[PDB]
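Next come the chains, spelled out residue by residue.
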Amino acid sequence: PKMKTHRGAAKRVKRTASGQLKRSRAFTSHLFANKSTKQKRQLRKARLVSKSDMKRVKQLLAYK
Amino acid sequence: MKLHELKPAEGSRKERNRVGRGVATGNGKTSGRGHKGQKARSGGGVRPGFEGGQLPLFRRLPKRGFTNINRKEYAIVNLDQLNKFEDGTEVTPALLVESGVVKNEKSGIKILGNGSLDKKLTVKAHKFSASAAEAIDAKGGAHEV
Amino acid sequence: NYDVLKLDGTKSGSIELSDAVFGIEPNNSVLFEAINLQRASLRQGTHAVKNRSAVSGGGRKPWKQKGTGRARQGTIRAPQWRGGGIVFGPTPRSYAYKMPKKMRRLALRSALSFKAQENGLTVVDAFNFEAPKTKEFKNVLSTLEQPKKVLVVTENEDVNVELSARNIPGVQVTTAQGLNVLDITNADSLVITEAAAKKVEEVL
Amino acid sequence: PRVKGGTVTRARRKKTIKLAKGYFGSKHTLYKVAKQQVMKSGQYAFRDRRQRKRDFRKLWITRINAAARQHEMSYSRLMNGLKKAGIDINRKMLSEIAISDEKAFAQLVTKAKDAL
RNA sequence: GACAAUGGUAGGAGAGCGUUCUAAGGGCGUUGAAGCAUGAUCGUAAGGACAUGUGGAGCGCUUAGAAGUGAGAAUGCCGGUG
RNA sequence: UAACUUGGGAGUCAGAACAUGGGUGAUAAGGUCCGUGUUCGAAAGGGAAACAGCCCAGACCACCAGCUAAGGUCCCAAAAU
RNA sequence: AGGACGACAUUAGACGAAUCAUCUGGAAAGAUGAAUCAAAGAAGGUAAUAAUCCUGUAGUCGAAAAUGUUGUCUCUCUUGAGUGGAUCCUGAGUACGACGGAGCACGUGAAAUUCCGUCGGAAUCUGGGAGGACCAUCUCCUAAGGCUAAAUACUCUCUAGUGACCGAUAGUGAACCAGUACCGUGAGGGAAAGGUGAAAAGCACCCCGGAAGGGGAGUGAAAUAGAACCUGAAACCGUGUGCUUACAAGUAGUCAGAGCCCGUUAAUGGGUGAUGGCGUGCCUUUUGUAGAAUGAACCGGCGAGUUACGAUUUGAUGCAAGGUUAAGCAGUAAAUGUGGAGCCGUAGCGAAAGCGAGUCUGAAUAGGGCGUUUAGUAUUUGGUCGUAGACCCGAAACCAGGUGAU
Ligand SMILES: [Mg+2]
Ligand SMILES: [Mg+2]
Ligand SMILES: [Mg+2]
Ligand SMILES: [Mg+2]
Ligand SMILES: [Mg+2]
Ligand SMILES: [Mg+2]
Ligand SMILES: [Mg+2]
Ligand SMILES: [Mg+2]
Ligand SMILES: [Mg+2]
Ligand SMILES: [Mg+2]
Ligand SMILES: [Mg+2]
Ligand SMILES: [Mg+2]
Ligand SMILES: [Mg+2]
Ligand SMILES: [Mg+2]
Ligand SMILES: [Mg+2]
Ligand SMILES: [Mg+2]
Ligand SMILES: [Mg+2]
Ligand SMILES: [Mg+2]
Ligand SMILES: [Mg+2]
Ligand SMILES: [Mg+2]
Ligand SMILES: [Mg+2]
Ligand SMILES: [Mg+2]
Ligand SMILES: [Mg+2]
Ligand SMILES: [Mg+2]
Ligand SMILES: [Mg+2]
Ligand SMILES: [Mg+2]
Ligand SMILES: [Mg+2]
Ligand SMILES: [Mg+2]
Ligand SMILES: [Mg+2]
Ligand SMILES: [Mg+2]
Ligand SMILES: [Mg+2]
Ligand SMILES: [Mg+2]
Ligand SMILES: [Mg+2]
Ligand SMILES: [Mg+2]
Ligand SMILES: [Mg+2]
Ligand SMILES: [Mg+2]
Ligand SMILES: [Mg+2]
Ligand SMILES: [Mg+2]
Ligand SMILES: [Mg+2]
Ligand SMILES: [Mg+2]
Ligand SMILES: [Mg+2]
Ligand SMILES: [Mg+2]
Ligand SMILES: [Mg+2]
Ligand SMILES: [Mg+2]
Ligand SMILES: [Mg+2]
């Protein structure tokens, strides 16, 4: 049968033009009194999925 | 070519590797699996994305966004693609589809301003980029939504 | 330009056949793929074996896990047992696959062009057979001085030509639409009527 | 299609057994223990081709020593003298000379002694 | 022609040997096929010939295709025999 | 004479001794835990009687040719009574 | 609900072309030479391999009787439209609601849409239901009665066929008097076992022997094919012999080597081996195994990364700003033709509205992220991954339905 998308991953990433995966950031849920102004400001900015993580997860998002 | 002299193209075919057929092959015995552990077992190996109990990447990262039920997406045509029609032509969605510039219309035709228009045309599309409309008008043509 | 002969071997005229069909340089890679594809498509694939689930019986453990001194066993139908189930083995399946249409057409053209360049292309004005007669058709082949393996191409289904050639070893009869790489390649010479040649030219 | 075991197995095993011809008892008869022995034979032969050069050089040297002693000279001093004299006859030839014509060897010994 | 490299387990890469079957071509066989046995034969290896005996009717070779394709061990299964 | 980048395929996550810098233990252990090196692992050949880990040295094949290493030269046993 | 006639088909059959000679050989179909038929060169058999010897094949013909499917008559039944909007009808314990469950891809959720139990409970065309809570508007339908062929699923079975499916440890458990023998109280479990020869011509007769068995004789191409009788490997058991061995400490060989005996795919040969040097099997598992760790009595056979569908990557090939069809239909179970729905690409960015070679963030024409300033796509070999038992063997157990108090 067809391979199945990992739905949580599909809800957590977006494919860029070059094939990378844009992701959002951990530590952005609560407990903001314990993180510095700079920490929160910079955690606001999205990142990419690292190469080493991509090696592991790429098949989960092959249709994405 | 003859049925008794068939020959595939060079490099088109390669004999498959057969494991567990003796030591000289280099894939005998453990058949390239190494020694023992989960990964050596028939049907062995963990789920893709499993990190042996470390919280996986796609659970430590958060979800983002939503999908718009009424999302619209347009079939895009650039000026460089319009460059193939004869000056004076009335380019319409039907003409784009017949000419093969547009294959799937999606929510309709939007003209975008990439490349250079070199011809006077009357372009009908559901939407236009500001730059695309300016180029169409400046080349002496007309545009209409 | 090719000569057009009569069944008695004399020249009836000349015909012009597009070099874009009969005159290309044969593409051997595409031709090999086409031949392999047709041969694969001819397979029936009806082969099977019984795995351990499929072999009759075998349910019980043949003896207790420990204490008897024997190797441990779980079913008399395990693969190492005489009469046991087969591990993997053939299982019914198709061997057919597809190639792009342009490549199919290129293969047909390449086979026809190979015939034309090997001079195994003979154009005949028509087959005027009213009743089937294997002996008349054998004589026609002999007068045309054809080799053992001949593919005879008619514009459309010619009942009497087919019936006359049917029993002659090495002689195969087809139509312009029914032309295929295996037949063309297998034949040593092609004998095509003028109307068939034009029709093939149109199609390809 | 099915490929039954066929004849290849017997052909291969028979080749091993024929190579085990002459061995003691089961070792020239049963494929497993014959195969094992033929492996050991191959390893031994590889090793012994190299050991044989050692062995024959050792023999030659022993014989040269005996001849030199017969001429009141040690092997070591004879080889040093021959080297200093520029004579490159190798041990095997020296031994064969000492065995076959003693006068030639005596002349060589005198060449060595003069060089020393 | 020169001169440089060539120990090796897990493992990666490459080139090949052999088995059954198919296609096409080209061959062998009661003046004796396969199989079996023996031999002092050939190739760098897997392996390939030739001769003779036995046997009594089927089988190579070339190119390509396809796999139930190669055993020495699983207190492996079955048979035979120590 | 490598180095780096991208991509296909891995295996490995029990290590051992020896030397040396250290902790622990008793300036015990063929102990245990780190640092550094070598060898074994995955390395045959020579020496250390025999002897994975020590000393010498890295086997493409053949030779009844030569020079050496560690280690040796009265006999076993090659070479200095 | 019937009836008459006709057609076709099924269940037996019939006709059906064309070869002789010689050589080898037990036998000719083989080889050789010379012929012939073919709408028939499918196939099997016949003393070896046959288009022309037989059974057949192409083609044509054929049914007393029964059955099946059909056509026409007969038979049977049967009105079909428009205009009007006064009144009437248009499915009730129903729709629906609450609570508890269930089903919907949808786990109670914002939960529409649909069912069950319990309790409550409408409206009546100015009506009622739905468009994913709900309300309005709009749009589309008209529940709570019933029937309905075809396209779809499957094969115990019959007929005709097919296979880069097996060929006696395979293939069915079962090629054979097999669900038998045998085991079990029973449910139930469940084998082994094919081959004389063309023809039985299956060994008259004589001889030893109680017989068995054998030696002749005979049949036969062959008995060295004589009854589980084609071939007839290995383990294993015997007889004879060339070389060798009773002062020797042996993983059994290897390298060196006299003596003796032979004579080959004729090669700087073969068998044996006084004596010398060297030398603790193999596999597995280990830091490390001669290991006194594991496994194998021996020999033979059998016995483990496969296939399907997706993904990815590489090689190959076609086409290229394009590439490509799926189902379907036609075709010989083929190639192939047709089929452009769909898929991928030619544009990205953003959660989204949206804007667009730019976009998002941002007050910003700042800065920063992701992008632009060409190449894809289809099929396919190889590698790898995913879903499948997923390289093979092995639990203790768990659940369901049965069989047992001899
Ligand atoms: Mg938050
Ligand atoms: Mg590999
Ligand atoms: Mg390879
Ligand atoms: Mg290796
Ligand atoms: Mg591997
Ligand atoms: Mg293992
Ligand atoms: Mg391990
Ligand atoms: Mg591992
Ligand atoms: Mg036992
Ligand atoms: Mg079976
Ligand atoms: Mg086998
Ligand atoms: Mg040396
Ligand atoms: Mg190497
Ligand atoms: Mg196998
Ligand atoms: Mg220690
Ligand atoms: Mg420790
Ligand atoms: Mg260290
Ligand atoms: Mg290790
Ligand atoms: Mg060592
Ligand atoms: Mg030593
Ligand atoms: Mg080296
Ligand atoms: Mg000495
Ligand atoms: Mg007849
Ligand atoms: Mg005859
Ligand atoms: Mg006849
Ligand atoms: Mg409810
Ligand atoms: Mg509602
Ligand atoms: Mg409702
Ligand atoms: Mg709504
Ligand atoms: Mg309406
Ligand atoms: Mg129906
Ligand atoms: Mg077979
Ligand atoms: Mg048999
Ligand atoms: Mg059975
Ligand atoms: Mg059976
Ligand atoms: Mg027999
Ligand atoms: Mg003695
Ligand atoms: Mg092994
Ligand atoms: Mg241990
Ligand atoms: Mg042991
Ligand atoms: Mg163990
Ligand atoms: Mg044991
Ligand atoms: Mg065995
Ligand atoms: Mg797998
Ligand atoms: Mg009682």
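Details of the structure are given in the entry above.
Residues numbered from 1 in each chain as written, not as in the entry; some residues may be left out. Chains lettered and ligands numbered in written order. Part of a larger assembly, values for the part shown. Heavy atoms only, no water.

Novice: In this structure, what is going on with helix 3 (residues 75-85) of chain D? I would like to understand it.
Specialist: Residues and elements named next belong to chain D. Residues of helix 3 that are buried: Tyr 75, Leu 78, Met 79, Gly 81 and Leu 82. Projected onto a plane normal to the axis of helix 3, the buried residues spread over an arc of 160° and lie on a single side. The exposed residues of helix 3 that point more than 90 degrees off its buried face are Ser 76, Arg 77, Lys 83 and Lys 84. Looking at the packing, one finds that the buried side of helix 3 touches helix 2 (31-70), helix 4 (91-100) and helix 5 (102-115). Two residues or fewer after helix 3 comes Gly 86, characterised by a positive phi angle close to 85°. (Buried < 20%, exposed > 50% of the residue type's maximum accessible area, 1.4 Å probe, protein only. Helix = DSSP H or I, 4+ residues; strand = E, 2+ residues; numbered from the N terminus. Arc of directions from axis to C-beta. Contact = heavy atoms within 4.5 Å.)

Novice: Got a minute to help me understand unusual backbone geometry in this structure?
Specialist: Both trends apply: most residues other than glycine have a negative phi, and most peptide bonds are in trans. Not every positive phi belongs to a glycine, and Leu 31 of chain A is a case in point at roughly 55°. Structurally, the position occupied by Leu 31 of chain A is in the loop between strand 2 (21-23) and helix 2 (37-43). Residue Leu 31 of chain A is classed as exposed on the basis of its relative accessible area of 51%. Phi angles above zero are rare outside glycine, and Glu 145 of chain C is one such case at about 65°. Structurally, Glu 145 of chain C is set in the loop between helix 4 (134-144) and strand 4 (150-154).

Novice: Can you help me understand the protein's contact with RNA strand G in this one?
Specialist: Of all residues adjacent to RNA strand G, which total 135 residues, the nearest are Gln 59 of chain A, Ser 42 of chain B, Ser 41 and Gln 44 of chain C together with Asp 48 of chain D. Per the 4 Å cut-off to the protein, sugar and phosphate atoms form 73% of the nearby atoms of RNA strand G. In the environment of RNA strand G, a sugar or linking oxygen lies 3.0 Å from a nitrogen or oxygen atom belonging to the side chain of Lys 102 of chain C. One nitrogen or oxygen atom from the side chain of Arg 52 of chain D is found 2.7 Å from a sugar or linking oxygen belonging to RNA strand G. Elements with a contribution of two residues or more to the surface near RNA strand G: strand 1 (75-78), strand 3 (109-112) and helix 4 (130-138) of chain B, helix 2 (28-41), helix 3 (101-117) and helix 4 of chain C together with helix 1 (8-19) and helix 2 of chain D. (Near = heavy atom within 4 Å. Polar contact = N/O pair within 3.5 Å; in protein donor to acceptor, adjacent residues only side chain to side chain.)

Novice: For this particular structure, what's the right way to read the interface of chain C and chain B?
Specialist: Accessible area lost when the parts come together is the quantity often used to give the size of an interface. Tallying the contact residues gives 11 residues for chain C and eight residues for chain B. Between chain C and chain B the total buried area reaches about 930 Å² when both faces are included, carbon and sulfur atoms providing 68% of it. Per-residue buried area on chain C facing chain B is highest for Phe 32, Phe 114 and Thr 185 of chain C; these three make up 47% of the total on that side. Scanning the region where chain C abuts chain B turns up zero residue pairs in polar contact. For the side of chain C that touches chain B, the elements supplying multiple residues, two or more each, are helix 2 and helix 6 (181-186) of chain C. For the side of chain C that touches chain B, the element with the most residues is helix 2 of chain C, which contributes seven residues. Of the residues that constitute the side of chain C that touches chain B, the class distribution is five nonpolar, five polar and one charged. (Buried area = accessible area lost by both parts, 1.4 Å probe. Nonpolar A, V, L, I, M, F, W, Y, C, P; charged D, E, K, R; others polar.)

Novice: Help me understand the protein's contact with RNA strand E in this model?
Specialist: Around RNA strand E sit 49 residues, and of these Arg 18 and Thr 30 of chain B together with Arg 12, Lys 14 and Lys 35 of chain D come closest. Among atoms of RNA strand E positioned within 4 Å of the protein, sugar and phosphate together represent 69%. Between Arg 33 of chain B and RNA strand E, the recorded distance is 3.2 Å, taken from a backbone N or O atom to a phosphate oxygen. Between RNA strand E and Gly 34 of chain B there is a distance of 3.2 Å, counted from a phosphate oxygen to a backbone nitrogen or oxygen. A total of eight residues in the surface near RNA strand E trace back to one element, the largest contributor, which is helix 1 of chain D. Across the surface near RNA strand E, the residue classes break down as 13 nonpolar, 14 polar and 22 charged.

Novice: Even after reading the chapter, I still don't get the layout of surface pockets, so can you show me in this structure?
Specialist: Sizing a probe to match a water molecule and rolling it over the atoms shows the empty space that remains. By volume, the largest pocket amounts to about 580 Å³. Taken together, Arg 13, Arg 16, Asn 17, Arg 18, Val 19 and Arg 21 of chain B together with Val 87, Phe 88, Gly 89 and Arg 93 of chain C make up the lining of the largest pocket. The residue inventory of the lining of the largest pocket, partitioned by class, reads three nonpolar, two polar and five charged. (1 Å grid on protein atoms, 1.4 Å probe; cavity = no way out; pocket = protein on both sides within 12 Å on 5 of 7 lines; lining within 4 Å. Points joined across faces, edges and corners; volume = space filled by probe spheres on them.)

None of this, on its own, says anything about what the molecule does.
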